Amino acid sequence: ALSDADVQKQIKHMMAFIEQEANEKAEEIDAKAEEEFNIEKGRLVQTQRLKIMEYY
Amino acid sequence: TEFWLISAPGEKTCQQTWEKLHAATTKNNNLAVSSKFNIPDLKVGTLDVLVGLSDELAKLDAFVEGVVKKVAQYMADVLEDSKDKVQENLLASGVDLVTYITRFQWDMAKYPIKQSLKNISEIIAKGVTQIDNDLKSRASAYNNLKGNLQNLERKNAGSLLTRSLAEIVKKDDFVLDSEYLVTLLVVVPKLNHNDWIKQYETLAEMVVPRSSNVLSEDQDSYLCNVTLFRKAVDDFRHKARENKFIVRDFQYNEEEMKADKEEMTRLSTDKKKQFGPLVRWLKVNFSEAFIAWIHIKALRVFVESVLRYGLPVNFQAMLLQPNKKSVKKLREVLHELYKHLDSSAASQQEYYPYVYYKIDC
Amino acid sequence: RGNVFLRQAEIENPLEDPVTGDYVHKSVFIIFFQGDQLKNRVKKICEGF
């Protein structure tokens, strides 16, 4: 039940919800970026450390 | 008890006091009991998944409604200090039911809003389901106990023809260490008790004479017996059944009758001892369950309000208790007071211009 | 519960229904929504009517 402009107002609801989903995506993407550099760091650090110790 | 809950867009900050006692948006001219609901604030989470979330939440709400009504029905089927008719004043966690719906308390510790609202709904489902399974087990076990009592009383129910003679006769009433004889307990009614005491000699042969000694006399038929040869049991029964001499071969046993009676007394005392705590467990199960139910009802109302009103979490609701037979006048007045909220599209049927769900007995 | 604009148009000279034969006036009042659940149940309903 919306006038010719309240339809657009609640469309700005739905678009701000797409924005909230994009912000949740940004938060989870950054958090998984944090997790991923940690994981890849652990992996490659272990590989390099192992190679150095075997050579030693 | 019937109770109403209405939510609104909340376009003005004066609605903080209008939730309590507005005069212009009063109900029944400041006569209906109105108090602002203890409104929390929760995250949005989703909207595309939210419609189906609210639908399945309504299905689960009907499910838990059935669960709590089933708990109340069972506690009434206990039929002692808790019934649908008498002693029905069962307090909501030690506080009166009306008093707790009017003073509902909302907590974050049990159910963090930071989690998904689906997470909370499924945790509620898990808890209520464990309660329900424990309730089915409790029903089976304790009603089996009550049925054991009832069936042991069924063994204590009936005339002496079907009721044991543990405390009526003695071990010596028959011939212990019989040579070739059997003290057949041919119970004869009172219409014919005076006849066997003379006919016993002729009713069979190869028997013990002077076997006219009666044992006991009962309202339906007089207990009595007669001693006779093992093969002659057949002949005496066939001759005596025609003169109204009912045959009932009773066996005496002190040990087994005593054991059965001791089992009966054990079951009675243990049943009281299990029945007290049974009421306690039923009370706490029903207790935690309705508090979860009022919480989940408030959650569904919140979800519907967020669906309808707008991106802000600015919304304003309140309980409502109409006076009887004036709630149609409220239907009209609140239609007027809430139609200007929409002012366009929303026949009505169930899609009211306001938010509402009904709570009842 | 859908809140998106309305692509409005009208059909004149309503060619008969393909399968029955009814020359009855028609129009379109179309709206788009994002929810997949809506794309299920709304379309189920319209097929129903």
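Q: So what exactly am I meant to see when it comes to the packing of helix α5 (residues 193-203) of chain B against helix α6 (residues 232-240) of chain B here?
A: The axes of two packed helices give the description: the angle between them and the distance between them. Residue and element names in this part refer to chain B. Interaxial distance between α5 and α6 falls to 11 Å at its minimum, and their mutual angle equals 130°. The angle between the axes of α5 and α6 places the two elements in the oblique class. Where α5 crosses over α6, the handedness of that crossing is right-handed. Contacts from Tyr200, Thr202 and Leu203 of α5 reach α6 at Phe236, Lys239 and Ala240. Per-class residue counts for the contact of α5 with α6 are four nonpolar, one polar and one charged.

Q: Just checking my understanding: could you explain the pattern of salt bridges for this structure?
A: When the charged atoms of two side chains with opposite charge come close together, those side chains can pair. In total, this model carries 13 salt bridges over all chains according to the counting rule given. Between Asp55 of chain B and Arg41 of chain C there is a salt bridge whose closest N-O contact spans 3.8 Å. Of this pair, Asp55 of chain B sits in helix α2 (residues 50-77) while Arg41 of chain C sits in helix α1 (residues 36-48), each in a different chain. When its relative accessible area of 35% is taken as the criterion, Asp55 of chain B is described as partly exposed. For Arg41 of chain C, a relative accessible area of 36% puts it in the partly exposed group. Between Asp132 of chain B and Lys136 of chain B there is a salt bridge; the shortest N-O distance is 4.0 Å. Within this pair, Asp132 of chain B and its partner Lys136 of chain B are both found in helix α4 (residues 117-155), separated by four residues, close to a single helical turn. Given a relative accessible area of 12%, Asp132 of chain B falls into the buried group. What emerges from the salt-bridge pattern is a single network uniting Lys70, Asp132 and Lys136 of chain B.

Q: Explain the packing of α4 of chain B against helix α7 (residues 254-308) of chain B here, please?
A: Residues and elements named next belong to chain B. Direction vectors running N to C along α4 and α7 enclose 160°, while the axes themselves pass 9 Å from each other. It follows from the interaxial angle that α4 and α7 lie roughly antiparallel. The two elements α4 and α7 cross, and the hand of that crossing is left-handed.

Q: Teacher, can you tell me more about the interface of chain C and chain B here?
A: Many analyses report the size of an interface as the accessible area lost when the parts associate. On the side of chain B, nine residues touch chain C, which itself brings five residues to the contact. Note on chain C versus chain B: buried area summed over both sides is about 600 Å², and carbon and sulfur give 43% of it. Of all residues in chain C, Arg1, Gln37 and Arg41 of chain C give up the largest surface area on contact with chain B, accounting jointly for 80% of the area buried on that side. Seen at the junction of chain C and chain B, the total is two salt bridges. Considered class by class, the residues forming the side of chain C that touches chain B number no nonpolar, three polar and two charged.

Cut-off values and rules
Residues numbered from 1 in each chain as written, not as in the entry; some residues may be left out. Chains lettered and ligands numbered in written order. Part of a larger assembly, values for the part shown. Heavy atoms only, no water. Axes fitted to C-alpha atoms, helices over the stretch in contact; angles between N-to-C directions. Helix = DSSP H or I, 4+ residues; strand = E, 2+ residues; numbered from the N terminus. Parallel < 35°, antiparallel > 145°, perpendicular 65-115°, else oblique. Left-handed = near helix turned anticlockwise from the far one by under 90°. Contact = heavy atoms within 4.5 Å. Nonpolar A, V, L, I, M, F, W, Y, C, P; charged D, E, K, R; others polar. Salt bridge = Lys/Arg side-chain N within 4 Å of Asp/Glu carboxyl O. Buried < 20%, exposed > 50% of the residue type's maximum accessible area, 1.4 Å probe, protein only. Buried area = accessible area lost by both parts, 1.4 Å probe.

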